[PDB]
There are 2 protein chains.
Amino acid sequence: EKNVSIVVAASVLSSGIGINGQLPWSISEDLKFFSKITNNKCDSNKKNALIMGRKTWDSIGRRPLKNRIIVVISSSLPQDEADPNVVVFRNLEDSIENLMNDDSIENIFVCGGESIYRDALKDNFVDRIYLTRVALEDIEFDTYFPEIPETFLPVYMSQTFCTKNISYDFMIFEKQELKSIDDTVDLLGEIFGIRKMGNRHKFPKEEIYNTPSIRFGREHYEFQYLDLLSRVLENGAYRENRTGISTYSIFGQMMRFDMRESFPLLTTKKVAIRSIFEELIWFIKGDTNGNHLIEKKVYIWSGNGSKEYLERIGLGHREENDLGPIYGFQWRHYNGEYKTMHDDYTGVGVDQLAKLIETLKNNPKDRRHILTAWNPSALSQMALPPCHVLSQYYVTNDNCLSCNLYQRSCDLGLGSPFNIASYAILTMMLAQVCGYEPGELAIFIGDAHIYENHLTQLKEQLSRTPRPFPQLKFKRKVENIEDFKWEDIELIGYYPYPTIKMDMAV
Amino acid sequence: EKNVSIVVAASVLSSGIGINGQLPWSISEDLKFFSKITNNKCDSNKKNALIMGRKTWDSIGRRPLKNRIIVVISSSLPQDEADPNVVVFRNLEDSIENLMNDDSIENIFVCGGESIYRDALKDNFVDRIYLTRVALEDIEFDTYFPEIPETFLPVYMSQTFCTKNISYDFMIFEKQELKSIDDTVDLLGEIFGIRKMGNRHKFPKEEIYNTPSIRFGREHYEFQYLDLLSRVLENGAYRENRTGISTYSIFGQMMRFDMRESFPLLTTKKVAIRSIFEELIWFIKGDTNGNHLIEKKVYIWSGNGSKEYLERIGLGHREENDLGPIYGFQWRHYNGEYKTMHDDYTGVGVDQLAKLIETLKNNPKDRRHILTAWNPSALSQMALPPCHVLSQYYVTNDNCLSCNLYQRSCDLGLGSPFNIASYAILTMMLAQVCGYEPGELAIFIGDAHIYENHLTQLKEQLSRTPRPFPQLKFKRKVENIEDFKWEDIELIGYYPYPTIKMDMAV
Ligand SMILES: NC(=O)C1=CN([C@@H]2O[C@H](COP(=O)(O)OP(=O)(O)OC[C@H]3O[C@@H](n4cnc5c(N)ncnc54)[C@H](OP(=O)(O)O)[C@@H]3O)[C@@H](O)[C@H]2O)C=CC1
Ligand SMILES: NC(=O)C1=CN([C@@H]2O[C@H](COP(=O)(O)OP(=O)(O)OC[C@H]3O[C@@H](n4cnc5c(N)ncnc54)[C@H](OP(=O)(O)O)[C@@H]3O)[C@@H](O)[C@H]2O)C=CC1
Ligand SMILES: CN(Cc1cnc2nc(N)nc(N)c2n1)c1ccc(C(=O)N[C@@H](CCC(=O)O)C(=O)O)cc1
Ligand SMILES: CN(Cc1cnc2nc(N)nc(N)c2n1)c1ccc(C(=O)N[C@@H](CCC(=O)O)C(=O)O)cc1
Ligand SMILES: Nc1nc2[nH]cc(Cc3ccc(C(=O)Nc4cc(C(=O)O)ccc4C(=O)O)cc3)c2c(=O)[nH]1
Ligand SMILES: Nc1nc2[nH]cc(Cc3ccc(C(=O)Nc4cc(C(=O)O)ccc4C(=O)O)cc3)c2c(=O)[nH]1
Ligand SMILES: O=c1[nH]c(=O)n([C@H]2C[C@H](O)[C@@H](COP(=O)(O)O)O2)cc1F
Ligand SMILES: O=c1[nH]c(=O)n([C@H]2C[C@H](O)[C@@H](COP(=O)(O)O)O2)cc1F
């Protein structure tokens, strides 16, 4: 009685694995993963058995794999005894004799075609599943991986990796069938009610924990957002705010995202990337005219740019969508005497973005690459105080650009995905203009809150198992950071779950 | 063969447990912990045995404990059979008969005096140790807990709790005698070198992990600092900076600290708390004169206030210790035209601190309680740009004041403990002025680095097992936040390891 694992690489949606007798992709790292996982063994005097169909045996050139015994399931291939590393069996059930006799086999790997996977799961011989999800779906398939039965549960999901602009994941599925520390902590929590800090940050209940079966393998960095969602649902205090829509809020959280091998755009919900880019390039250009965003069919600043909202916050003198000195005005004209959105501020104010770029490419090991938007003097003139307040940038020894962001208030339903994608795109732009590669993105959140009219929606978003991140590439290298256009961005391999409508609280 | 656990409450240093036949403290929560841990049982048809000496049996009033069988070790007490909840044994070895016969006993708890603990450990009958460390040491003891033998290792250390201004801990010691997920992650790390984000944040090696035996029980929040120290030692990239002393640096980290039941002042090193307080009140008063700190025998700002350092950074015109518009000038006079440290700036600039207090006590549920020190216009005039750049404050539904701090650059050897204690004291001051209780302190670090001249020292600090946090109390309620004086602070139960000299990099 030894272990049996199905090793497979399938597409993310349709679960296709092959086309015309070959793989529908060329990912060398996946072959390396196959080689390393099939050579995994605890005994040096034992080999691992790789069961495969005849057509798969043809796909590998009918040659043996080193340090492994290949078992071909075929009703026509002659049971050749010349090659000791390859043996042929007439059916799959008879091939499962390594459990009974043949003690020189330690682990068994089912890695054949659809005709092998299907009746290896049907006969219930499989204990584990090493699945490699690949983000290709607009191509042609003819061989698919069967839907994983409900008897299996996912226990691990790696981060998203990139190869030839193709995104891919790694997942493990298992066949589901020291307590003293836990008991002492539970007793100490029963004693001190909310005096033990652990009770103020309770672990989220399973009913609001996205993919609860993945406990110790939450490597995919979209979990940095979903687990924050769950923590707010679990420990969020019901509080009122400036809007009539109350929220559930907690304080002091963080999220990490990788940008070397992927792009942190959420897959559990289709995110409007064009509006994000237009807002970001609007910031970079130094503009505060909301009509310029509305003309480009982007209405995220319409709620805070209506005449009624401006007269209500005491800015009735201001023009329709003249938002005042906000994001992008403090970036390019910090401490500049603001008049209207039509004046020419070229020259006035401290151009933080230009100095940031100059410092990033002239003195990388510096610790002062800081872009601030919090200006106490101009706060009263703002239509909305800065939410993403502070940002710091960092150059690694291998010429990568990482970014930290401190955000005073985060609306996890609408503001958070936009902030993640926006600062990722900004880091990528800064890295290209300065000549670096994108690094990591850390977002530090003060007041992380969920509006109460989003509870039905966000819960739905927590019911969707995450898919690998897409890739974001630039079609041309620009000379100045302001020269970016929407046509320059290529979004590759983004297959998210359907969009989830949520109303903005004005 | 069942489990045996020594339950004891001892002082942190001398390990005293009693005085003149009674306890040297009255901590009700510890008695509740005793009651809950000795009644912990998996079988309802079984009782737990509590072994104690005769003098301890006298200390509990010679009355039985509910749902438990008390075993008194005494050579004089008559073996009375009237009370079924109390039994007398002549020696400790004969009392260890519940292992052989008497299957109605599930767990055994050694809870006697020094004379029982010593030869319960000497005879090696003890499997576990539930130790309650109490931070009282300037009192009189007459009964001590023996030094825990090397066969035991700590596996858990709770957070610091407070009762009657007394700090205390909870620790567990044990007698030392799914792998697929780990193997898959190791293989994925072998494939992608530093492309897998996990490899850029490797888990610290045991040789640089403070108290490595405590794996799953690092609850004490001084570990939030020691684990960051270890992570910098593990993943720190060797980088140069403005000073000749190079560092090992990483980017994007955080630390959490509780302030409801303790005070985050490091115990692994004696920290000069008075200098921290004097710097903080110097900030609050709006001062930029380094001579005011030097006159109070505080020399932390002498390196950045020397004539040579000012002439080197291009401020040779400036006076001796005139540091320029820095912390506390941006707090009280933001965007204020700075001249020298002798002028009267009362009135000019935006008083961020006053508005902060006003917003904290007039509009608590607000999300804009923000104090910034990063001013791009005044950066050139500063002797040293702000390290603790931004701070946000938050009022919970139970009227507690929590604080987030973003620090762009952190010197984990000298700057970090000072920053932790300083912002803790500042949060407590704001809480008293606004009428709240202290909450939590979250510190977010951008460039967390360790100077190479501190490597010998900090490693030493990582060899010291943490002791419970102290308490910090105020002797009087002040009318204005600037009225605090050093004589108003009482530091209770601070018993740190000896101080570790480390040179500041100018
Ligand atoms: N992405 C991935 O992880 C993998 C993808 N693939 C791809 O899949 C494609 C090929 O797979 P597939 O089309 O399913 O073909 P198979 O690899 O499953 O091989 C099928 C052959 O195996 C024999 N066989 C199958 N079932 C039985 C049975 N119940 N009893 C006896 N013999 C049996 C038959 O051989 P015979 O006719 O001689 O009797 C049959 O022709 C290729 O593109 C390949 O590259 C393959 C492996 C892994
Ligand atoms: N902080 C804490 O967790 C605890 C503190 N304490 C404190 O400690 C103090 C008391 O402890 P302590 O001074 O050590 O006294 P003990 O509680 O250990 O009791 C000692 C008695 O136990 C009997 N005894 C001990 N060893 C033997 C032996 N080898 N053979 C036969 N009989 C033995 C003797 O009784 P006899 O003379 O009758 O033969 C002896 O006088 C008190 O202040 C108490 O409150 C007590 C428990 C817990
Ligand atoms: C056609 N085929 C089937 C195949 C391909 N990709 C897969 N990918 C996955 N994730 N799982 C599978 N079962 C799988 N099977 C192949 C093709 C090549 C090799 C192969 O040459 N493996 C080398 C790997 C060498 C390398 O590139 O470093 C080895 O050492 O095993 C294996 C199976
Ligand atoms: C003198 N003595 C010995 C004593 C006291 N404190 C300790 N504290 C600790 N952490 N560990 C011990 N072994 C210990 N032993 C005592 C004194 C009172 C009770 C007691 O009354 N316990 C009640 C507690 C009831 C309560 O106040 O909630 C119980 O239900 O067990 C026990 C032991
Ligand atoms: N309170 C409050 N004030 C705010 N002021 C400015 C913002 C920034 C901001 C971000 C996003 C939106 C939005 O509506 N985003 C979308 C979400 C989805 C989705 O989730 O499926 C689909 C489409 C869109 C879209 O607009 O294309 C609107 C504003 C903001 C805020 O976030 N909160
Ligand atoms: N690079 C660089 N520039 C800096 N400019 C200003 C600072 C702030 C600052 C904090 C602390 C000290 C110090 O020396 N602190 C002590 C530490 C210990 C100890 O923990 O052993 C014991 C005593 C003292 C003490 O002075 O009483 C000196 C400056 C600073 C910095 O931190 N780094
Ligand atoms: O990028 C943004 N992210 C974000 O989360 N908000 C939301 C947070 C909050 O719901 C609202 C501001 O409310 P307040 O000003 O009171 O913090 O804006 C706004 C942005 F522009
Ligand atoms: O409160 C402080 N905290 C702190 O960590 N530093 C350290 C961080 C760094 O070692 C140095 C700042 O120099 P630079 O900004 O050039 O990195 O001072 C200084 C303070 F005043």
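Residues numbered from 1 in each chain as written, not as in the entry; some residues may be left out. Chains lettered and ligands numbered in written order. Heavy atoms only, no water. Residues with missing side-chain atoms left out of burial classes, pairs and counts.

## Some points on empty space enclosed by the protein
- Roughly 50 Å³ of volume is contained in the largest cavity.
- Around the largest cavity sit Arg256(A), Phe257(A), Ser402(A), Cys403(A), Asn404(A), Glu440(A), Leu441(A), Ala442(A), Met197(B), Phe251(B) and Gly252(B), which together line it.
- Contributions of two or more residues to the lining of the largest cavity are made by strand 14 (247-258), strand 17 (400-411) and strand 18 (437-451) of chain A together with strand 14 (247-258) of chain B.
- Split by residue class, the lining of the largest cavity holds 6 nonpolar, 3 polar and 2 charged. (1 Å grid on protein atoms, 1.4 Å probe; cavity = no way out; pocket = protein on both sides within 12 Å on 5 of 7 lines; lining within 4 Å. Points joined across faces, edges and corners; volume = space filled by probe spheres on them. Helix = DSSP H or I, 4+ residues; strand = E, 2+ residues; numbered from the N terminus. Nonpolar A, V, L, I, M, F, W, Y, C, P; charged D, E, K, R; others polar.)

## Side note on helix 12 (residues 352-362) of chain B
Residue and element names in this part refer to chain B.
- Residues of helix 12 that are buried: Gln352, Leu353, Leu356, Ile357 and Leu360. Down the axis of helix 12, the buried set is contained in an arc of 135 degrees. They therefore lie on one face. Across from the buried face of helix 12, at angles greater than 90 degrees, the exposed residues are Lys355 and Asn362.
- If you follow the buried residues of helix 12, they end up packed against helix 8 (273-284), helix 11 (329-332), strand 15 (370-372), strand 16 (388-395), strand 17 (400-411) and helix 13 (415-434). (Buried < 20%, exposed > 50% of the residue type's maximum accessible area, 1.4 Å probe, protein only. Arc of directions from axis to C-beta. Contact = heavy atoms within 4.5 Å.)

## A word on the UniProt feature "domain: DHFR" (unreviewed entry) in chain A
- In the numbering used here, UniProt assigns the "domain: DHFR" (unreviewed entry) feature to residues 3-175 of chain A.
- For residues 3-175 of chain A, helix accounts for 17% and strand for 35%, while the C-alpha atoms at its two ends are 11 Å apart. (UniProt positions renumbered as here; feature names shortened; annotations may be inferred.)

## Here we look at the site of ligand 3
All names here are of chain A.
- In the vicinity of ligand 3, 16 residues are found, and the nearest of them are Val7, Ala9, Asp30, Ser35 and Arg68.
- Here an oxygen atom of ligand 3 and a side-chain polar atom of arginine 68 are 2.8 Å apart.
- In the environment of ligand 3, a nitrogen atom lies 3.3 Å from a nitrogen or oxygen atom belonging to the side chain of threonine 132.
- The fraction of the free accessible surface of ligand 3 (700 Å²) that becomes covered by protein chains is 76%.
- A class-by-class count of the residues in the shell around ligand 3 yields 10 nonpolar, 3 polar and 3 charged. (Near = heavy atom within 4 Å. Polar contact = N/O pair within 3.5 Å; in protein donor to acceptor, adjacent residues only side chain to side chain. Areas by Shrake-Rupley, 256 points an atom, 1.4 Å probe, with all protein chains shown as cover.)

## Brief notes about a negative patch on the surface
- A cluster of acidic residues, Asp94(A), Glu97(A), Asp102(A) and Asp103(A), forms a negative patch at the surface.
- Looking at the element boundaries, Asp102(A) is found in the loop between helix 3 (92-95) and strand 6 (105-110). (Patch = residues over 30% accessible without salt bridge, like charges linked within 9 Å, V, L, I, M, F, W, Y side chains within 5 Å. Salt bridge = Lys/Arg side-chain N within 4 Å of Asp/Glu carboxyl O. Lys, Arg positive; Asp, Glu negative; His and termini not counted. Charge placed at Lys NZ, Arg CZ, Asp CG, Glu CD.)

## What about the site of ligand 4?
Residues and elements named next belong to chain B.
- As a matter of local geometry, ligand 4 sits amid 16 residues, with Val7, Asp30, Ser35, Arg68 and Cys111 nearest to it.
- Backbone polar atom of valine 7 to a nitrogen atom of ligand 4: 2.5 Å apart, as the coordinates give it.
- Here an oxygen atom of ligand 4 and a side-chain polar atom of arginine 68 are 2.8 Å apart.
- Isolated, ligand 4 exposes 700 Å² of accessible area, and the fraction of that covered by the protein chains is 76%.
- Top element by residues in the shell around ligand 4 is helix 1 (residues 28-38). It accounts for 5 residues.
- Residues belonging to the shell around ligand 4 are distributed by class as follows: 10 nonpolar, 3 polar and 3 charged.

## Let's talk about unusual backbone geometry
- Residues other than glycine seldom take positive phi values, yet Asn399(A) does so here, at roughly 60 degrees.
- Here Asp102(B), not a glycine, exhibits a phi torsion of approximately 55 degrees, which is positive.
- On the basis of relative accessibility, which here comes to 34%, the residue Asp102(B) falls in the partly exposed class.

## Comments concerning the relation of the copies chain A and chain B
- Of the two same-sequence chains, chain A is brought onto chain B (RMSD 0.3 Å, axial shift 0.1 Å) by a rotation of 180 degrees. Such a combination of rotation and displacement between the chain copies is what one expects of a two-fold axis.
- When the interface residues of chain A are mapped onto chain B, 99% of them again fall at the interface, so both copies present the same face. (Least-squares fit on C-alpha atoms.)

## What about the domain arrangement of chain A?
Residues and elements named next belong to chain A.
- On domain assignment, one finds that chain A holds domain 1 (1-176), domain 2 (177-222) and domain 3 (223-506).
- Computed from C-alpha atoms alone, the centre-to-centre distance between domain 1 and domain 2 is 36 Å.
- Tallying the contact residues gives 11 residues for domain 1 and 9 residues for domain 2.
- Here domain 1 meets domain 2 over a buried area of about 910 Å², counting both sides, of which 52% is carbon and sulfur.
- Among the residues domain 1 hides against domain 2, the three largest losses belong to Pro154, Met157 and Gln159. Together they make up 45% of the total.
- At the boundary of domain 1 with domain 2, the tally comes to 0 salt bridges. (Domains from an automatic or database assignment. Buried area = accessible area lost by both parts, 1.4 Å probe.)

## Side note on the packing of helix 12 (residues 352-362) of chain A against helix 13 (residues 415-434) of chain A
Residues and elements named next belong to chain A.
- Viewed as axis vectors pointing N to C, helix 12 and helix 13 meet at an angle of 55 degrees, and their least axial separation amounts to 9 Å. As summarised for this structure, helix 12 and helix 13 are arranged oblique, according to the angle between their axes. Crossing angle aside, the handedness with which helix 12 passes helix 13 is right-handed. Contact residues: helix 12 offers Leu353, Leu356, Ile357, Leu360 and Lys361, while helix 13 offers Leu430, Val433 and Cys434. (Axes fitted to C-alpha atoms, helices over the stretch in contact; angles between N-to-C directions. Parallel < 35°, antiparallel > 145°, perpendicular 65-115°, else oblique. Left-handed = near helix turned anticlockwise from the far one by under 90°.)

## Describing the environment of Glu358(B)
- Tracing the backbone shows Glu358(B) in helix 12.
- Measuring from C-alpha to C-alpha, the distance between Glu358(B) and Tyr225(B) comes to 33 Å, with 133 residues separating the pair along the chain.

## Focus: the state of the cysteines
All names here are of chain B.
- Enumeration over the complete set of coordinates arrives at 0 disulfides over all chains.
- Between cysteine 400, a free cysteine, and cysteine 434, which holds the nearest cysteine sulfur, the sulfur-to-sulfur gap is 13 Å.
- Accessibility expressed as a relative area gives 5% for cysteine 400, which makes it buried.
- The thiol of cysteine 410 is unpaired, and the distance to the nearest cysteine sulfur, on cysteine 387, comes to 8.6 Å. (Disulfide = S-S within 2.5 Å.)

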